[PDB]
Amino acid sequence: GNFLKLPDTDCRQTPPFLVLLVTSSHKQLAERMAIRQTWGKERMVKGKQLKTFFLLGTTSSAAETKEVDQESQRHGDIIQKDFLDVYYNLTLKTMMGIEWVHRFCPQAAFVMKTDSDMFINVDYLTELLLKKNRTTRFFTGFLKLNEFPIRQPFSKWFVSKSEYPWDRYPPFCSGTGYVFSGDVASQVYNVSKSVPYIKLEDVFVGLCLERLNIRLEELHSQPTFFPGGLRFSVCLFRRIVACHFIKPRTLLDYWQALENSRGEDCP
């Protein structure tokens, strides 16, 4: 489907249990390297395969283009299509990831779309997913159920009435990090072209899920996704799935902390 870069992976041969699709801009190589060295590192988690790919568009900068070409050659984990990679094109980026799952990895049990300034606890997420007994039409994250479009015209998330004309958004989950069963990717890709476009990707996915009659659900009886960020502690971070507002150096320090304290107890 018009992909400039495709990861060197074969989901038919080895169906992944969890696929992470990470959004980042071209210049954010430090982010991607920190992820590749921490929670993005591919491995078996309780015998389940984890795969990690980075979603990129294109840029006018020839230097950044060359950097990303070299990075894809070195790492083989970039999914790319020809669209200007800017904040207000994040919907295209998300749909690219979903398209990739649909076309090349329909075997994935679960897919997480996530920001790059994130800590992800794949071990705890896997444990909760294996416990949920939800393998189809499943979508979770930080649920946002009573959202009103932001009409402050200079706000980062401003939408005009022509861009989104109704008083409330559909139910959706924070774009910082949400998780869905793999079949959901095909259903969303199928309905996407008939659903009204909006430049905020997490709202757009919510519109698609609503058209599909897919209901959002909480992953666990306790909160596990934290778009607002969290005060760090080892014992807390062992029992969450996702935390936002984490720069690369911090991500590396937190990962080291969890390694250093492996084998201690907590509650």
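So that there is no doubt, residue numbering starts at 1 and follows the sequence shown.
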| property | result |
| --- | --- |
| 127-135 versus 101-109 - which carries the larger mean C-alpha B factor in the record | 127-135 |
| Mean C-alpha B-factor comparison - 208-216 and 59-67, higher one | 59-67 |
| Given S186, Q80, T94, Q152, the residue at which the Cα B factor reaches its maximum | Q152 |
| Candidate residues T23, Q13, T250, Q256, the one whose C-alpha B factor the record puts highest | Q13 |
| CA B-factor ranking of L29, expressed as a third of its chain | highest |
| Chain-wide C-alpha B factor ranking for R231, given as lowest, middle or highest third | lowest |
| Among modelled residues of the same chain, the CA temperature factor third for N121 | lowest |
| Among modelled residues of the same chain, the CA temperature factor third for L90 | lowest |
| Relative C-alpha B-factor of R168, binned into the chain's lowest, middle or highest third | lowest |
